[PDB]
Every structure is written in C-alpha cells, then in structure tokens.
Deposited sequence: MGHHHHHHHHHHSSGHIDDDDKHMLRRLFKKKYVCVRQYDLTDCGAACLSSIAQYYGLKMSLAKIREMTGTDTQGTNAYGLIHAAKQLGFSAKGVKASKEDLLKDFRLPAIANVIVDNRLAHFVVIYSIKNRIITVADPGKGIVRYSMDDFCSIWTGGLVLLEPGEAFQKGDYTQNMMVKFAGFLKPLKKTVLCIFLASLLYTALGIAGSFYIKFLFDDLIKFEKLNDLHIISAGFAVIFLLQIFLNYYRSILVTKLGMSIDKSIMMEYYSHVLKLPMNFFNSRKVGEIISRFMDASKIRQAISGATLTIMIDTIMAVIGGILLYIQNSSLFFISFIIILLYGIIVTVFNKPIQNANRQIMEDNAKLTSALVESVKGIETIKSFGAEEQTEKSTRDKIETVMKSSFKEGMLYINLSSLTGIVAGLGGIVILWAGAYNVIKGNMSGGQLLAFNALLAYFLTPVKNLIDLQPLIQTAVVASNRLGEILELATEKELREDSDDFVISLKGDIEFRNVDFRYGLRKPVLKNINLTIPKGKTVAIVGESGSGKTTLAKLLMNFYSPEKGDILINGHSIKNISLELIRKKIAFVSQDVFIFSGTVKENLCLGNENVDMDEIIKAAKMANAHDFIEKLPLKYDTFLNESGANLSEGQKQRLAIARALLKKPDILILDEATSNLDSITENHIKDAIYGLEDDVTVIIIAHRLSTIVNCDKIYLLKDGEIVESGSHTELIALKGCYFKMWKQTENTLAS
C-alpha cells in the first residue's frame, strides 16, 4: 500500500522501517532513521531493525505488515516488506500472489507494531526551506516577471500581423502603409527579442546564485557533522547529494517562474480566444485537455522503463569490469568464447529493455502528434465553416491560429513540468535530510562501531580525541573527564598521524601551515630539522609521510601520538 523509496544503495532496511512508520503514523526523515538503525557501509541486519523498532516504541521480535529479508535481489542485503500474502528499490509490484517462495528463504519476518508511540508527523515541508532562498533576492524575480509580462504583451500584439494584413491590407488595397505596418511589427518583434535576452540573462544569474547558495550550505553542514556520519557512508553518496543542488534549483526557479508566468499566459490567451470565437476556443481547450490526459498516463511507464534501463546497464557494466579485471584468469583457463556469449546475452537484454522504452516514446510521440495535427485541421475546418456563415472574418482565423499557438505553448510547458518537479522533490529529501542532523558541537557539553558487536589500536587513538563516545575509557589524561571540557581545546591539544597522508589543494609552504594562520615562518624551518623530505630537494614550494610528521610537530601538541 504505502512505501518510501530508498535514496542510496545501503539503506533498504531503513527504508522498510520508514515505510512501516508511514503506515502506522510517524514520518521521521530517513536520514534520522538511518542513523538510528546502526546503518553501516555494508548495510543493516535484523538486530538493527529490531533495536530501532524498540527505540521508536514498537514492540516486535503473523500480522499483516512485517519486514522479511530478501536474498536474491541484489548484493546489498535488500529488505522487502510484505503487504498481502513494497520493495523500496523497485516499488509495489507483488511477488507472492498466494505464495511464491523464492525470496522468503531468509525467513526473517520480524516486525510487528505495539504500544502507543506518540503518533504524528516528525518531519517538515522541506521544499519551502529551499524555496526560501528567493527572499534575499526578490528584485531579480520582480524584474523577470515584468520582462515576461512585457514579452507577452509584445508577442500577442505582434501576432495580429496576419489579421491586419488580410482583413484590411489585402481586400482593401493600401499599398502605401503596408511598409509602415511591416516596419512597426518588425520593431515590435525586435523589442520582444531584446526582452527575451534580458530575461534569459536574469534567469541564468538567479540559477547560478541558487546553485552556489545551496551547494555551499550543504558542504558547510557536511563538514560540521560528526565522524559517525562519515563512517556510515561512502564518498559517492556525499557527492551525489552535493550534485542534487542542481535539481533543487531547477525545481525552485523553473517551476515557480513557469507556474506564475504560464498561468497568466493561459488566462490571457483563453480570454482572447473566447473573445475571438467561442467554438474555436472550445476546440482548443479540448485539444489541450486531450494532450494533458495522454502525457500524464505515460509518465510512469516511461519512468519504469528508464529504471529498467539503468538496472540492466549497471549489470552490464559490472560484468564488463569483472571480465576485464581478471583477464589474466580468462586467458589462463583459455576460454574466451563463453565470455563473448555471456556478454552477447547481457547486451541483448539491455537492447530488449531499450526497445521497450523506445516503443513507449514512439507511441507517446505518435499519439501527441495525432492530437496536435488533427486538432489543427479541425480548427481550420471549424474556422472556415464559421467564416462561411460570417461569424468571423478571413484574417481572424489566422489571428486565432497565432494566439492558439501562443496559448497552447504555455499549458504544454506547464503540463510537461509534472515529472521534473517530482524528481526534484526527491532530491530535496535526499539533500536536506542531512541538514537536520545535529552537528559535532551541538552534541557536546570497550567501544562499538555501531550495533557491531563490541585495528583495535587505531580505535584507541581515535577515541583519544572526541571522535566518538566511549563506554570504558579516559584513564590516561592527567586532568579529568574529556567530555566536560571544550572540543576546540582537545583539537588544538592532540596531534596524530593517520594511516594515510592528506594533502589538500595548496602549496607545500602552506600545507604545513594548515589549520592555523600564525606560524612566524620560523617554526616551519625549526620542525624541518627532522626529515623534511630531505629539504624536499627544491626550496621553491611545489603544488608524503614526512610532511605529515612535520605538520604534526609544527602543531605544537601537549600530547603527541604516532602510528
């Protein structure tokens, strides 16, 4: 019935628990649930889900809704909830249908509801939060709106050229002012194009500003998050969330501007078509309603075909990489024909999926083309019939054709905005869910890496700083408990060298100067006395372990620890 789509590869269990919460009330963000059910890079397990259910108030350990582990769907430990007998990665399509018994072999049906848990929404309408970036710059939006209004006035005025030409300048020969009117309408069109140019400049600048603002806010909050957030996820997820700002901007800017502008456009166009002729306007409305019906019903088949394409292409690329990595083994066993046959089969599957998507596009395009062209022919036929009876004039039909184009274009654009907004909404729930996470400083005043059964030497090193929270520790410092004093003091007091070496974009003379802006340019050379990569050969700064050691000693720590 109700489901929530997964945002990443390794949160199937979190998504399933979120869906159960959706069915029974609570609507917490997936990111908060993800952190609650001990989600790691590998994924969650039944213990994580039962612990999270107990934390949320559920009393679990058959009832209609329950989460069952599924083995053979992918290699990311999928969970699928059962409704009647909702996979987040695919949707709702049923598998059991009165028992099928192919993915239940795990037999991990575990979840049931329980005692009252303060039902109610716990999330926001977060799209408004991102849309609030239009408040600091409202002059640009107003200028864009004024330019659009003038552009429409000029376009509608200029579309009556053919009517003025055929009603008066042809039947009532006036070959003296035809040149004057032609020059006037050329001037109107030139002003229209200049206004389009100016509006495009403003829209591009506004989009750039929105991109930069959202990207920088997200990056700042990511850098402010604690270490468990970085441990739980990989780098690809963070980069994808970073790239979702473009989709958020597209939603805000394009959707809002197009909605207002095209609503005004459709209202004005409908008014003028109704004034020109009622029957032709009714035919136009029928055409646009049919187009809206036809486009809407094909969006979800198109999305499903696209998802199948993505999945099949991912499988093919994985197979190709697995074949290339290990080409030595394929050559060693001396059998490459089998690999060619397997790749042929995978390519054929990808082609079948692409052919299905291609038929979807071709059928949609042909239906829309039938609607548009046959509606144009019907409009010409009806206009001619009305002109025969004298209701209209010869040129009023062509004026109506031009206004019809200028009225159908906005509503065609507005209806085509239905899918884009949707995906951008998803992008919001993929990005801003991170923003609700409390930062490192907010949560301040043996050991486990998250529901992972209580490199042990390294963990003690990381525990020495406030990277994590202990259960039995802090028995070496000469003072008192670490948690009761400022984090910044621990940061400037403890220096350590990681397994790898981190060097960021910048010259060597400032890589050692990382973190602090006061070096006096003498401490660097003082610390350089201990293996400065043998003075790094060239005194001229460039732009690795020796650099890390020099940075550690230059930091001047009260306590120094090294691998």
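(message) Which parts of the deposited sequence lack C-alpha coordinates in this model? Number from residue 1, please.
(response) According to the deposited record, C-alpha coordinates are absent for 1-32, 94-105, 130-136, 497-514, 524-545, 635-650, 671-750, which together make up the missing parts.
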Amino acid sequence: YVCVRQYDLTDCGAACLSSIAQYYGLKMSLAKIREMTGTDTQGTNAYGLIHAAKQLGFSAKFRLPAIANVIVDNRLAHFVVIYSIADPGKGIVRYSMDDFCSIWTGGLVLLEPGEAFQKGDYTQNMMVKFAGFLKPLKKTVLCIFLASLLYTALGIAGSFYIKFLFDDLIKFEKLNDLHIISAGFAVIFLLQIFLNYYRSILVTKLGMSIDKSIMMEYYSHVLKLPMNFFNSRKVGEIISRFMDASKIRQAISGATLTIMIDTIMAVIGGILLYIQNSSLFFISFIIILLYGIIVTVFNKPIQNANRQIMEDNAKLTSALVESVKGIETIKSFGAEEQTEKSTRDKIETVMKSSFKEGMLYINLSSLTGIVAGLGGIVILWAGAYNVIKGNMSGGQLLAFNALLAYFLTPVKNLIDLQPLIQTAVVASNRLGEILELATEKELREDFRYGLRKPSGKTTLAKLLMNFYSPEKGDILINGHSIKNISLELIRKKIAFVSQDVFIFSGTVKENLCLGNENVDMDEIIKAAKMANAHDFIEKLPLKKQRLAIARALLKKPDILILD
From here on, numbers count along this sequence of modelled residues.
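(request) Would you please confirm whether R249 lacks atomic coordinates in a third or more of the other entries that were compared? (result) Modelled in all the others, so no.
(message) Is it the case that, in at least a third of the other entries compared (those modelling both flanking residues), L76 has no coordinates?
(response) That residue is missing from at least a third of the other compared entries.
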